[PDB]
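Read through the structure below, which is laid out as structure tokens, and then see the notes.
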Amino acid sequence: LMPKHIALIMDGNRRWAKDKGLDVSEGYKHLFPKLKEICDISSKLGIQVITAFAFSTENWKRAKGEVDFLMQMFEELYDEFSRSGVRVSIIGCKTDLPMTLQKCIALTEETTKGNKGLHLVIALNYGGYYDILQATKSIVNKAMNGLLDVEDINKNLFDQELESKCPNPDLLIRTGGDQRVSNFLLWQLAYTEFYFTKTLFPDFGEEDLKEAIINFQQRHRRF
Amino acid sequence: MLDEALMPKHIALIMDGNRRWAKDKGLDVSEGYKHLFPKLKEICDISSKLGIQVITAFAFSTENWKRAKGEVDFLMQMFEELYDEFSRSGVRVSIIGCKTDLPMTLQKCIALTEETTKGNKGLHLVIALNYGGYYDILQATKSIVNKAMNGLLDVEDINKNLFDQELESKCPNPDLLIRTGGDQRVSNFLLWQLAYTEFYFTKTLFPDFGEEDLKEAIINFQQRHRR
Ligand SMILES: CC(C)=CCSP(=O)(O)OP(=O)(O)O
């Protein structure tokens with residue numbers, strides 16, 4: 001009874017650093033090494049997909065110094081994952097990102113595209129509204145060019161047009177104590193089981209992941 | 001603790017645990033389902049007193065058709081009690097969901113309940129009845145496609161604000177979602193509308209859900225308020 005697709009809201013990094021008396025940048029430096037560790041663990045448990053929320057469409061509203069740091073820091077994707085054995089995809093609006101980050105992201109996707117193990121989907125400049133809106137625009141355009149009728153518009157069509165693809169998350173884990181999805185995968189989370197923990201992302205370990213999975217299994221047996 | 005000055009404007013409710021409550025008392029499932037609207041009305045009365053403006057209650061999902069035909073027929077017949085429960089209550093009632101696939105008598109009862117309570121100035125109860133999140137997004141999308149092909153809007157008018165206006169469940173979106181019964185999912189309830197909603201899950205079965213449990217959800221919500 002292992003979940004095939006886990007979604008992760010990787011919250012608590014800033015709080016982790018501030019509570020420790022560290023610069024906020026120190027919390028953020030743990031983001032990808034921690035995600036990489038979670039991928040290795042999950043891969044060995046048989047988990048096939050992880051979709052991880054790294055930067056929302058709202059996070060542009062953060063302090064420019066933190067946003068610039070993050071945007072620079074995200075360029076380390078390639079070193080972290082290029083030779084890790086994980087298949088990496090990024091979802092979200094890539095064209096807002098600095099061109100060098102766009103290049104770095106394309107490079108990571110390209111070099112890992114033939115990896116056969118765990119598929120890691122990183123949501124970067126992503127929001128559920130915006131996923132649904134781009135899909136809708138795509139459906140309207142196809143209707144406007146005679147490629148589809150109004151009767152063709154169904155769940156399956158949306159599933160094809162959305163950025164985060166089937167199969168949908170079985171389990172969502174959010175670190176950092178808040179019980180919200182914060183405009184992550186709205187359509188895709190319709191039947192996903194939620195697990196919320198006060199544990200901050202940089203403290204989230206193997207034992208924390210196993211507790212979440214155990215909790216999912218019990219809930220799956222019940223429901 | 002309960003801050004009168006920070007009530008959520010909008011609570012969404014997933015009213016689960018009615019069937020399991022019946023089996024725990026030895027009773028037939030029908031006995032569980034018959035506490036649904038009386039409990040919902042009680043929740044409305046408590047909420048009105050606290051100053052809550054809107055409740056959206058998940059009564060029947062688009063996937064609940066797949067249940068035992070006995071249970072489905074019983075519910076549809078029972079949903080007719082909506083008029084007796086609410087017509088004289090001071091609550092303003094609206095239904096969302098695909099109304100045309102319900103039995104005809106239920107459709108006229110819904111229309112009558114909406115018409116007789118539309119003048120009420122208090123709490124607005126939105127009953128989600130044959131509703132789903134997929135459904136709401138798809139019907140909005142079909143409506144936007146219709147307008148597009150008739151020259152009434154351009155692809156670049158398609159944005160969050162437009163979508164808010166085409167969906168059946170409207171702004172303001174739920175501040176807080178309470179789900180009774182112990183499952184920790186949203187089960188295709190108000191998907192778009194739950195993007196920032198605080199979730200509260202309890203093992204308490206819906207028929208046992210009371211004023212203390214509700215105030216507990218709200219205090220929790222008040223403790224997590226930010227932005
Ligand atoms: C991007 C991640 C991991 C979480 C969202 S932080 P939040 O709950 O404050 O929501 P926002 O993205 O800041 O609007």
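By convention in this document, chain letters (A, B, ...) are assigned in the order of the sequence lines, proteins followed by strands, and residues within each chain are numbered from 1. Atoms considered below: every heavy atom in the structure, side chains included; atoms not considered: hydrogens, waters and symmetry mates. Order of appearance sets the numbers: ligands from 1, and atoms from 1 within every ligand.
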Query raised in the report: Is it true that B:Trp21 and B:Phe206 have ring centroids separated by less than 6.0 Å?
Result: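 No; B:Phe206 has its ring centre 6.0 Å or more from that of B:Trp21.
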Query raised in the report: Does any N or O in the side chain of B:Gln139 come within less than 3.5 Å of the main-chain N or O of B:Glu166, such that one atom is a donor and the other an acceptor?
Result: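 Pair found, side chain donor or acceptor close to backbone of B:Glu166.
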Query - Side chain A:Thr108, main chain A:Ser82, donor-acceptor under 3.5 Å - result: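 Between the backbone of A:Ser82 and the side chain of A:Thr108 there is no qualifying donor-acceptor contact (under 3.5 Å).
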Side-chain atoms of residues 213-223 of chain A: list all donor-acceptor pairs with protein atoms under 3.5 Å, sequence neighbours left out, distances to 0.1 Å.
| residue | atom | partner | partner atom | Å |
| --- | --- | --- | --- | --- |
| A:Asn215 | OD1 | A:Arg219 | NH1 | 2.8 |
| A:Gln217 | NE2 | A:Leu1 | O | 2.8 |

Please tabulate, one line per pair, the protein N or O atoms found under 3.5 Å from any N or O atom of ligand 1, giving the distance to one decimal.
| residue | atom | partner | partner atom | Å |
| --- | --- | --- | --- | --- |
| ligand 1 | 8 (O) | A:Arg174 | NH2 | 3.0 |
| ligand 1 | 8 (O) | A:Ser182 | OG | 2.8 |
| ligand 1 | 8 (O) | B:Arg226 | NH2 | 2.6 |
| ligand 1 | 9 (O) | B:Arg226 | NH1 | 2.7 |
| ligand 1 | 9 (O) | B:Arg226 | NH2 | 3.4 |
| ligand 1 | 12 (O) | A:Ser56 | OG | 2.6 |
| ligand 1 | 12 (O) | A:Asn59 | ND2 | 3.3 |
| ligand 1 | 13 (O) | A:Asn59 | ND2 | 3.3 |
| ligand 1 | 13 (O) | A:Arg62 | NH2 | 3.4 |

List, one per line, each side-chain donor-acceptor pair under 3.5 Å for residues 97-105 of chain A, sequence neighbours excluded.
| residue | atom | partner | partner atom | Å |
| --- | --- | --- | --- | --- |
| A:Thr100 | OG1 | A:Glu75 | OE2 | 2.6 |
| A:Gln102 | NE2 | A:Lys94 | O | 3.4 |
| A:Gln102 | NE2 | A:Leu97 | O | 2.7 |

Show me, pair by pair, the donor-acceptor contacts under 3.5 angstrom made by side chains of residues 183-191 of chain B, not counting sequence neighbours?
| residue | atom | partner | partner atom | Å |
| --- | --- | --- | --- | --- |
| B:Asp183 | OD2 | B:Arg185 | NH1 | 2.7 |
| B:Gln184 | NE2 | A:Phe194 | O | 2.7 |
| B:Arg185 | NE | A:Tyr191 | O | 2.9 |
| B:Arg185 | NE | A:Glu193 | OE2 | 3.3 |
| B:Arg185 | NH1 | A:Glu193 | OE2 | 2.7 |
| B:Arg185 | NH2 | A:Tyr191 | O | 3.4 |
| B:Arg185 | NH2 | A:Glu193 | OE2 | 3.2 |
| B:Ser187 | OG | B:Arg179 | NH1 | 2.7 |
| B:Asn188 | OD1 | B:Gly133 | N | 3.0 |
| B:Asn188 | OD1 | B:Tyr134 | N | 2.9 |
| B:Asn188 | ND2 | B:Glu63 | OE1 | 3.0 |

